[PDB]
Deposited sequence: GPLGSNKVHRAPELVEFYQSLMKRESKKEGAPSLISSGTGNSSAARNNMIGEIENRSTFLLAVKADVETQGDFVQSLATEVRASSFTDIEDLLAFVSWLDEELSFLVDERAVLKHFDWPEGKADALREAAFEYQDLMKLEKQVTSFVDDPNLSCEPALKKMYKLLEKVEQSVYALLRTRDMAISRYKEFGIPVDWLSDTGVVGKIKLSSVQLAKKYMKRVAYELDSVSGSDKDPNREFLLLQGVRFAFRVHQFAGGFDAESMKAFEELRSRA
């Protein structure tokens, strides 16, 4: 067929968003070098004894860094103290989270305007949340504290007498509110009395109680007593 035409064609011929990004980054690196080196000095210099100070500092630091077009891209041009900066942000986050959780468990109210099943389910789901969070915490806090201690970051909140312990105590508060809802609903109906839900309910209560007793590490007076109030039904 037509290989000559093809070769003549070839011979007679032998005679995107990223560039903008690169320039924006370059702009920052040139015109904000001193600003960034300043931030780096402050981070390196920082030391905290109050976790609330640390919070304020990370707040500040995030705000300052938000003036950078892309934090990672720009910072990769600098002798930025990544390890400590990460330690600080991570500490800030964990603390605030744990605190959220504790305020959520402590201030939990068994809404009497809720029927039995949704109420018990509410508490069960909360307990699950608490259990996951704390278990993750225990799973990571030792290596975390190893790093934090090097970086002048407080760790008392991380201990057993810290926010975690407070959380376990309110877990027992929860088992109380649950056994209370169970012993209540156990009276609020009928009639014939046991009945198939009057044995099932008693079990959900007993078992929730045991699950929490094991989680928290033990029971106080009033709840060991409520559990006793369950044994005798």
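Enquirer: Without any C-alpha position in the structure, which residue ranges of the deposited sequence would you list, numbering from 1?
Expert: Model skips 1-8, 24-53, 272 of the deposited chain.
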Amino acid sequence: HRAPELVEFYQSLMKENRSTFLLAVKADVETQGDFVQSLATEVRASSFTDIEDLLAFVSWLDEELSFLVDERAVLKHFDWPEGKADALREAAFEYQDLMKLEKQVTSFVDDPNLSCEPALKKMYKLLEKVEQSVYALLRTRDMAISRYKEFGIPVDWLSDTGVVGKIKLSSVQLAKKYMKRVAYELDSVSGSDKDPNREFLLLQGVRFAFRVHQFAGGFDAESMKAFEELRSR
From here on, numbers count along this sequence of modelled residues.
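Enquirer: I need to verify one thing: averaged over C-alpha atoms only, is the B-factor higher for 185-193 or for 64-72?
Expert: It is 185-193.
Enquirer: Output the stretch having the higher mean C-alpha B factor in the entry; the candidates are 151-159 and 109-117.
Expert: According to the entry, 109-117 carries the higher average C-alpha B-factor.
Enquirer: When the CA B-factors of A216, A221, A209, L23 are compared as recorded in the entry, which is the largest?
Expert: Highest C-alpha B-factor among the listed residues goes to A221.
Enquirer: Based on the deposited C-alpha B factors for this chain, I'd like to know if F200 is in the lowest, middle or highest third.
Expert: Within its chain, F200 is a highest-third residue by C-alpha B-factor, going by the deposited values.
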